[PDB]
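A.B. asks:
Pasting the structure below:
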């Protein structure tokens, strides 16, 4: 149907916007602490601590399959990256600190993304 196509164009355009959001958030992680999944070879107990691991590469795979239906779903995954790290790692660590700085800097980007998603529809 023509409606299904229109919906698909909306999803494509959301994907375009979330791709730009993802690039902007990942620039706020210049150390690449959050770039890839925590290695279960190197942290074998990880899944005992963290039930829903997340990282920027995993989000990008979902994004490119157009697997984010709305901004809320995308923000959920970004919040998992931060929150997982802040639980597994102690306050005094470069990992925790990196997550705090990514949360604070990402807030700005996400605030305007929300306006753009509502604005453009």
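In the numbering used here, the protein residues as written are 24 to 144.
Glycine residues also receive a C-beta, built at the ideal position from the N, C-alpha and C atoms.
#1: Which residues bound the alpha helix (DSSP H) around residue 128?
#2: Residue 55 by DSSP, collapsed to three states: which one?
#3: Measure the Cβ-Cβ separation of residue 74 and residue 129 and say whether it is below 8 Å.
#4: Give me, in chain order, the residues of the same chain whose beta-carbon lies closer than 7 Å to that of residue 61; leave out the 5 immediate sequence neighbours on both sides.
#5: Below 7 Å CB to CB, which residues in the same chain sit around residue 103 once its five sequence neighbours on both sides are set aside?
C.D. replies: Inspection of the coordinates gives the following:
#1: On the chain shown, position 105 is the one that residue 128 refers to. Counting along the chain, the alpha helix (DSSP H) containing residue 128 begins and ends at 117 to 143.
#2: Sequence index remark: in the chain shown, residue 55 carries index 32 (1-based). It is coil, neither helix nor strand.
#3: Reading the chain shown from its first residue, position 51 is the one you call residue 74. Reading the chain shown from its first residue, position 106 is the one you call residue 129. Between residue 74 and residue 129, the CB-CB gap reaches or exceeds 8 Å.
#4: Counted from its first residue, the chain shown places residue 61 at position 38. Cβ within range, chain order: 69 and 76.
#5: If you number the chain shown from 1, residue 103 lands on position 80. Closer than 7 Å at the Cβ level, and outside the excluded window around residue 103, lie 75 and 77.
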